[PDB]
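Engineer: Take this structure, written in structure tokens, and hold onto it; I'll ask about it next.
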Amino acid sequence: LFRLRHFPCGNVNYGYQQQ
Amino acid sequence: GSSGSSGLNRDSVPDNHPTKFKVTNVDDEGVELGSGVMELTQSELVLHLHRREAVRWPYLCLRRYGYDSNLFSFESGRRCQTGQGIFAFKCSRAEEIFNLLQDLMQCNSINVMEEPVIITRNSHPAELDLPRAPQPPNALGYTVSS
Numbered sequence: 001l002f003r004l005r006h007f008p009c010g011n012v013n014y015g016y017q018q019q
Numbered sequence: 001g002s003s004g005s006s007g008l009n010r011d012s013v014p015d016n017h018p019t020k021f022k023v024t025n026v027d028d029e030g031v032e033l034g035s036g037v038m039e040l041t042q043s044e045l046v047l048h049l050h051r052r053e054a055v056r057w058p059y060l061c062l063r064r065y066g067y068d069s070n071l072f073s074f075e076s077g078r079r080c081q082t083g084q085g086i087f088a089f090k091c092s093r094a095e096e097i098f099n100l101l102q103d104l105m106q107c108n109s110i111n112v113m114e115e116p117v118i119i120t121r122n123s124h125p126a127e128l129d130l131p132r133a134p135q136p137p138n139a140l141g142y143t144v145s146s
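Chains as they are written, first to last, in the deposited numbering: chain B, 1 to 19; chain A, 1 to 146.
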């Protein structure tokens, strides 16, 4: 479970808008 | 949308399974650290690995979920087992998992199955996350007299 600094992806389809 | 159930036992999960997808946890550079298997079940995302302890990720927390050439990752809060931090993995059918993820998320499976007792139950108050909130309106000035 390596920890990344930022999302390596750019095209994401946000789903859940809840915390 | 899909279906098809058979009474045939499975010997070894393929690298092109519709419900399963062998992933490889990589680092910022993209190197291969460890091998694992991701599962896309209405319930949630669960990773499989050596004897080591497994991990789970609720479709809820999942704030953002994208995809890319043999690259798949997801952002999770700090309430998840693992904790605050992103996790990426290298696969061959990343898109497949991406096209399916939004399929299980939208369904928002509502207790589809009889789940056991959960803290959620009514009990003493505690530091529990808070829902959303509306945006504050604006104000209106006033005219000046003589």
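Cβ coordinates follow ideal geometry from the N, Cα and C atoms, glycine included.
Within the same chain, show all residues whose beta-carbon is closer than 7 Å to that of residue 138/A, passing over the 5 residues directly before and after it, in chain order.
Structural biologist: Cβ within range, chain order: n/a, list empty.
Engineer: Mark residue 93/A as exposed unless 16 or more other C-beta atoms lie within 10 angstroms of its C-beta, in which case mark it buried.
Structural biologist: buried
Engineer: Just to make sure I have the definition right: I need the residues of chain B whose C-beta is within less than 8 Å of the C-beta of residue 73/A. Which are they?
Structural biologist: 4, 7, 8 and 9
Engineer: Just list the residues that DSSP pairs residue 75/A with in beta bridges.
Structural biologist: 64/A and 86/A
Engineer: Keeping to the same chain, check which residues put their C-beta closer than 7 Å to that of residue 42/A; ignore five residues upstream and five downstream.
Structural biologist: 104, 107, 109 and 112
Engineer: On the DSSP bridge list, what partners appear for residue 113/A?
Structural biologist: According to DSSP, which records beta bridges pairwise, residue 113/A is partnered with nothing at all.
Engineer: Flag this pair as touching only if the segment 26-45 of chain A and the segment 84-103 of chain A have three or more C-beta atom pairs under 8 Å; answer yes or no.
Structural biologist: Under the 8 Å Cβ criterion, the segment 26-45 of chain A counts as touching the segment 84-103 of chain A, having at least three qualifying pairs.
Engineer: May I ask which residues mark the beginning and end of the beta strand (DSSP E) holding residue 25/A?
Structural biologist: Here the beta strand (DSSP E) through residue 25/A covers 20-26.
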